[PDB]
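Trainee: Chains as they are written, first to last, in the authors' numbering: chain E, 53 to 133; chain A, 40 to 134; chain F, 24 to 102; chain B, 25 to 102; chain C, 18 to 107; chain G, 18 to 113; chain D, 35 to 123; chain H, 35 to 124. A virtual CB, placed ideally from N, CA and C, is assigned to each residue, including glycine. My questions will all concern the structure given below.
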Amino acid sequence: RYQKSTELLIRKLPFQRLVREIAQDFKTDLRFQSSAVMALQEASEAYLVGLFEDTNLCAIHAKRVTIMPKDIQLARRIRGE
Amino acid sequence: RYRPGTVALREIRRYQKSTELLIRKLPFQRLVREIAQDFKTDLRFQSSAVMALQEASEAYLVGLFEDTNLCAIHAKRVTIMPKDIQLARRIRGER
Amino acid sequence: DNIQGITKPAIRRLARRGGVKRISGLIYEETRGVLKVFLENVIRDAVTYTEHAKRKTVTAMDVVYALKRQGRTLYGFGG
Amino acid sequence: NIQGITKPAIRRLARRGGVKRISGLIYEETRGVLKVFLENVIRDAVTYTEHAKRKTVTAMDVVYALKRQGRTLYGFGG
Amino acid sequence: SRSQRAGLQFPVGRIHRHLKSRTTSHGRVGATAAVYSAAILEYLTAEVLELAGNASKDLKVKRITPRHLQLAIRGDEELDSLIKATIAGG
Amino acid sequence: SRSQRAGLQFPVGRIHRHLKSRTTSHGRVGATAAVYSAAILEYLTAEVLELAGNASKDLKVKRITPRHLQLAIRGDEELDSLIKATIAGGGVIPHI
Amino acid sequence: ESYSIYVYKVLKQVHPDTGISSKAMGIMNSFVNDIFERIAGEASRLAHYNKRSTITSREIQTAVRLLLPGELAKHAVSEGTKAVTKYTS
Amino acid sequence: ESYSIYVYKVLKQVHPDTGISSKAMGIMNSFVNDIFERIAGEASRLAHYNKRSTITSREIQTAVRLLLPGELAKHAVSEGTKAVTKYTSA
DNA sequence: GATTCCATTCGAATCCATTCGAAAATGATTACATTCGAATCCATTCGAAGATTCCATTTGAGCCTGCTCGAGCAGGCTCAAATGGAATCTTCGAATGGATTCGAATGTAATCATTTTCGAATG
DNA sequence: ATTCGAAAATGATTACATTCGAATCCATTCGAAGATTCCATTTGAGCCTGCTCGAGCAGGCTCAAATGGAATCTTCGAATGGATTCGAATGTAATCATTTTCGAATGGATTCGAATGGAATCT
Numbered sequence: 053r054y055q056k057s058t059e060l061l062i063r064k065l066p067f068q069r070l071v072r073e074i075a076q077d078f079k080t081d082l083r084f085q086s087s088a089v090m091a092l093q094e095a096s097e098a099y100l101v102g103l104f105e106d107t108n109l110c111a112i113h114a115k116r117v118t119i120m121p122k123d124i125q126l127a128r129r130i131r132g133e
Numbered sequence: 040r041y042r043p044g045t046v047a048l049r050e051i052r053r054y055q056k057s058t059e060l061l062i063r064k065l066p067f068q069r070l071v072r073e074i075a076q077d078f079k080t081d082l083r084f085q086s087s088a089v090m091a092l093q094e095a096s097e098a099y100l101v102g103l104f105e106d107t108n109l110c111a112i113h114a115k116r117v118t119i120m121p122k123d124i125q126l127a128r129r130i131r132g133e134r
Numbered sequence: 024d025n026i027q028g029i030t031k032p033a034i035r036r037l038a039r040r041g042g043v044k045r046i047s048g049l050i051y052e053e054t055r056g057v058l059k060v061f062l063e064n065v066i067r068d069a070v071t072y073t074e075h076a077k078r079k080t081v082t083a084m085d086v087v088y089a090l091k092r093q094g095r096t097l098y099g100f101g102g
Numbered sequence: 025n026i027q028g029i030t031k032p033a034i035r036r037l038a039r040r041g042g043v044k045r046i047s048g049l050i051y052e053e054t055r056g057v058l059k060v061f062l063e064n065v066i067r068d069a070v071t072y073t074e075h076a077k078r079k080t081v082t083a084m085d086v087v088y089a090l091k092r093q094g095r096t097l098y099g100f101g102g
Numbered sequence: 018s019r020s021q022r023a024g025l026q027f028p029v030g031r032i033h034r035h036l037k038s039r040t041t042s043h044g045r046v047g048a049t050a051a052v053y054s055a056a057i058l059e060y061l062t063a064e065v066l067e068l069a070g071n072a073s074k075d076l077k078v079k080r081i082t083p084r085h086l087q088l089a090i091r092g093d094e095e096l097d098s099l100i101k102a103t104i105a106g107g
Numbered sequence: 018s019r020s021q022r023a024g025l026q027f028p029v030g031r032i033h034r035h036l037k038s039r040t041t042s043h044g045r046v047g048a049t050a051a052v053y054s055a056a057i058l059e060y061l062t063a064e065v066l067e068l069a070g071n072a073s074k075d076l077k078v079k080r081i082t083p084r085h086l087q088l089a090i091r092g093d094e095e096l097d098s099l100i101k102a103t104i105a106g107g108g109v110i111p112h113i
Numbered sequence: 035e036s037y038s039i040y041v042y043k044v045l046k047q048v049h050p051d052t053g054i055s056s057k058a059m060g061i062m063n064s065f066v067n068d069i070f071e072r073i074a075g076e077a078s079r080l081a082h083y084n085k086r087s088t089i090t091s092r093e094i095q096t097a098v099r100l101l102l103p104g105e106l107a108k109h110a111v112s113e114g115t116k117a118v119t120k121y122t123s
Numbered sequence: 035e036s037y038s039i040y041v042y043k044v045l046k047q048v049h050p051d052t053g054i055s056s057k058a059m060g061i062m063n064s065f066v067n068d069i070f071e072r073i074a075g076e077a078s079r080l081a082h083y084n085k086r087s088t089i090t091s092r093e094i095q096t097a098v099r100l101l102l103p104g105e106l107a108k109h110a111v112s113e114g115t116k117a118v119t120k121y122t123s124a
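Quick look at the structure:
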């Protein structure tokens, strides 16, 4: 279902709230364009989907179908993160 | 005389402390020339070019083996297998 | 408490789009942490870019430049 | 000429990586990956050589090719 | 024009001006560098557009959408290696 | 000189000349861009050299070698993040 | 300044029946600009390495060889060489 | 030309009794050139983004902030600002 | 308690770094000429706070059932040791080729003043 | 589908950069010797990996309830964005006066050695 679609899989209001709260650490009284938040959301979803693909590869390597935090850690360590 | 795994750890200690090159120079030179003959004929090499190639190659292989060891430990083993090399290279972006 | 707005269904959908069959119950907190780290990096760079231009508003091109800096180019928002 | 990279040499390169035990099918895999890497770098080095209308491959061509590959190296003129 | 002399659709004078505006120090740009660059850009554009249009016509649809572009790019190995960007809406 | 006026060891005039030589189109470079850049380069050089000299002293030797540079760089999170290059002559950090 | 005119002309050349939206047009603009900047940077570096001032079609050819993969590079080189030959005559 | 004179000056500043070899000197020169090229390129890009022509210390400061990891960029910014202030005071 | 490996400990020739000298770049100073980046003023957007919903998504609870995990064998495969046997490496010497410099001689790109068209904003 | 400020094309003119021949002179290639040292092969053994089976765990799906998101004006005062000086600062042009780079030369620092007295391993 979600592989063949092109939509955004996160609600926009919570993501916007989180983006503003994170940005509060770098400069107070900050404004945002709607396009900036939309671009941030697109990039974030792309990043998470790619990471989950790598995580699934790691899970298969260990003869499982369930993904665990150790798979995320191995994938991120090999990627240099 | 020594249990299997003793000398292995001794050499791990030895080669992680030195700084030399672990591949012989004549075979690597021959391999480099043979590879390069597929792009242009009658090529000449400075000695520094082959030395730089060897340094880069050894660095690459050691980093790859570190990633491969991580993959092997993930699957609850101490032996490294070709599947670990393939997984590391795929996550890296080579496969 | 704004990272708890990234819910279990959303993480499940993002994992399904990646071909994942089953999920452990401890994956959601890890996902929230990694998303926070990624967002912090990108937003730091974007705010640097908007501060150079002597602006108070973050624009889409600051985000595009920041992403290109991290090596995560994005088409469709300018450039 | 790829068989001149012997199995003791690969064992040394694995020991410097912290590897304790090795499977018997690791050496052919290592030879393949090394061949791929070497071809990738030498292609760019010879391209740089040909642009300069030269017949000798210098160390700067190798350094530039590695920098293009994302594998910067220090100690050979850059 | 210069583009018609070369036999292209992309502009030669504008690309020459851009090339001049992106050279370090006090450098100069020849008139055939622009022709070469316009040819390369037109070739790559035509390749991408042809693949995307084939994908679109496989759906019995006229227009090309970002989903068609992503399907065309990801289904080709060379275009996959060249283009690693994220396509918004694909 | 300009370096002594700013209180530095690195050359302000030479770095100004290089900066001018690597600007796109017809670009101008101010006289304080060179001062800033020389300060940055001197700071980074001093940090790397101090760590490498500490590593050299721990090993009971006088001179600094590429091994000590590698040991200094890989033992620091910031320098490891910044310097991703390969150092010809210093192999690895001894681990398990 | 954009490439919409020329992208549309090329599309009419390739697929005379299909159209294109505006999001796809923006994506194609981004793609063209990306490739142009890559080629220009590589050519400038090549000219600097040889201690030369002028950028010529040799620099562009070498940049295309270094940046494009496989048969893309071969066909691009052929197209560019044909264009230059037709231009100079 | 090289950077050996100034690298040796800095070394004698930080470790008065420690020497250096020639291979280490080559590596240090490579490091300095690498970082200088990175900063220069990024500053040029910043100047282009704002439709400017001159490169100033604002571009250098922004480049330093973007290129260096934190807790390393803060001290670098402090050192550069102190140097510019001392230079302009005279 | 008998190997084999580490870990200093003292001896000196050698390799190398750190001072000395001469001369060609090359900064630093002084004085214009003139771009270029700032400072006020005025327009136009555009982003934020508010309100009001139907509704569409999220939240526990639980129950089943599929999945992962732990324990015990079996075997099979990697390691450590010894003995021949190829072959790298160091040094040597000639011979060969081709990169760099340096004058002369072209090939050509940028800057003017006119003219014309063409791409972008608006329908 | 129209107008039009904007930019590209035409025609010389210089200088300027690039190309053509020599002339070395480094440095790459090539051939030879040989003595040790790496490598290859076999062997014997022990430990590690893989499979089965039961035992414990925990994920997906269903449903009822609650909740929060999306969506469309409304506005309004904040904030970019454009004009016109204008005042701050960069570059160009000569003239020195360093300064750094390329040569050679001995102080310390490094390296190689058999010797010997300690952690480390099996037994």
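Let me confirm a value: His75(B) is counted as buried when at least 16 other C-beta atoms fall within 10 Å, else exposed. Which label applies?
Mentor: buried
Trainee: So with CB distances below 7 Å, who are the chain G contacts of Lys120(H)?
Mentor: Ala23 and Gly24
Trainee: So is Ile130(E) in contact with chain A if we call contact Cβ pairs under 8 Å?
Mentor: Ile130(E) counts as touching chain A.
Trainee: Just to check my reading of the structure: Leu61(E) and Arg40(F) have Cβ atoms closer than 8 Å, yes? What is that Cβ distance to the nearest angstrom?
Mentor: 7 Å
Trainee: Just mark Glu94(G) as buried or exposed, buried being the case when its beta carbon has 16 or more other beta carbons within 10 Å.
Mentor: exposed
Trainee: Any beta carbon from chain G within less than 8 Å of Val46(A)'s own beta carbon?
Mentor: no
Trainee: Specify the secondary structure class of residue 149(C) as computed by DSSP and reduced to three states.
Mentor: Outside the displayed range of chain C (18 to 107) lies residue 149(C), so it cannot be described from this structure.
Trainee: By DSSP, does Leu61(E) sit in helix, in strand, or in coil?
Mentor: coil
Trainee: Enumerate in chain order the residues of its own chain whose CB-to-CB distance from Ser86(A) is below 7 Å, with the five nearest sequence positions on each side excluded.
Mentor: none
Trainee: Here's a check: name, in chain order, each residue in its chain whose Cβ is nearer than 7 Å to the Cβ of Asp123(A), leaving out the five neighbours to either side.
Mentor: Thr107, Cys110 and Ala111
Trainee: Does any residue of chain C bring its CB to less than 8 Å from the CB of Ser18(G)?
Mentor: With a threshold of 8 Å between beta carbons, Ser18(G) makes no contact with chain C.
Trainee: So, is the C-beta of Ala98(E) closer than 8 Å to a C-beta in chain C?
Mentor: At least one chain C Cβ lies under 8 Å of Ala98(E).
Trainee: One question on the structure: do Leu102(D) and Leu99(C) come within less than 8 Å of each other, judged by their Cβ atoms?
Mentor: yes
Trainee: DSSP three-state label for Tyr54(E), please.
Mentor: coil
Trainee: Would a check of beta-carbon distances place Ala83(B) closer than 8 Å to chain A?
Mentor: Yes - at least one Cβ of chain A is within 8 Å of the one on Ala83(B).
Trainee: With 9 Å as the limit, tell me which residues of the region 27-60 of chain G have their beta carbon closer than that to any beta carbon of chain B; keep them in chain order.
Mentor: none
Trainee: So the candidates are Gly70(G), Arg91(G) and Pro83(G); which of them puts its Cα closest to the Cα of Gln47(H)?
Mentor: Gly70(G)
Trainee: For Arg45(G), which beta-bridge partners are listed by DSSP?
Mentor: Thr88(H)
Trainee: Over the uninterrupted alpha helix (DSSP H) stretch that includes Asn25(F), give me the two end residues.
Mentor: Segment: none, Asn25(F) is in no alpha helix (DSSP H) and carries neither H nor E.
Trainee: Return the first residue and the last residue of the alpha helix (DSSP H) that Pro83(G) is part of.
Mentor: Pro83 to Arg91
Trainee: Do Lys57(H) and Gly44(G) have their CB atoms nearer than 8 Å?
Mentor: no
Trainee: Just to confirm, is the Cβ distance from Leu70(A) to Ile26(B) under 8 Å?
Mentor: For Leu70(A) and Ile26(B), yes; Cβs fall inside 8 Å.
Trainee: Return no unless some Cβ of chain C is closer than 8 Å to the Cβ of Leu100(D).
Mentor: It does not; no Cβ of chain C falls within 8 Å.
Trainee: Considering only C-alpha positions, which residue in the set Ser57(E), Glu59(E), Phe67(E) and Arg53(E) is nearest to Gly28(F)?
Mentor: Closest option to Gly28(F), Cα to Cα, is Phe67(E).
Trainee: Could you spell out where the alpha helix (DSSP H) holding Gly48(B) opens and where it closes?
Mentor: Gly48(B) -> no alpha helix (DSSP H), and no H or E assigned at all.
Trainee: In three-state DSSP terms, what is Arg39(C)?
Mentor: coil
Trainee: Which chain A residues sit within Cβ distance under 7 Å of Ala114(E)?
Mentor: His113 and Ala114
Trainee: How about the region 77-85 of chain B and the region 72-92 of chain A: do they share at least three Cβ pairs that are nearer than 8 Å?
Mentor: yes
Trainee: Using a Cβ-Cβ distance cut-off of 8 Å, determine whether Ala91(E) contacts chain A.
Mentor: It does not: the Cβ of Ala91(E) has no partner Cβ on chain A nearer than 8 Å.
Trainee: Can you tell me where the alpha helix (DSSP H) with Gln76(A) in it begins and where it stops?
Mentor: Segment: none, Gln76(A) is in no alpha helix (DSSP H) and carries neither H nor E.
Trainee: Label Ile32(C) either buried or exposed according to how many other C-beta atoms from any shown protein chain fall within 10 Å of its C-beta, with 16 as the threshold for buried.
Mentor: buried
Trainee: Just the Cα atoms here: how many angstroms apart are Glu53(B) and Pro121(A)?
Mentor: 7 Å
Trainee: What's the gap between the Cα of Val60(B) and the Cα of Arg72(E)?
Mentor: 46 Å
Trainee: May I have the straight-line CA-CA distance separating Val46(A) from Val78(G), to the nearest angstrom?
Mentor: 30 Å
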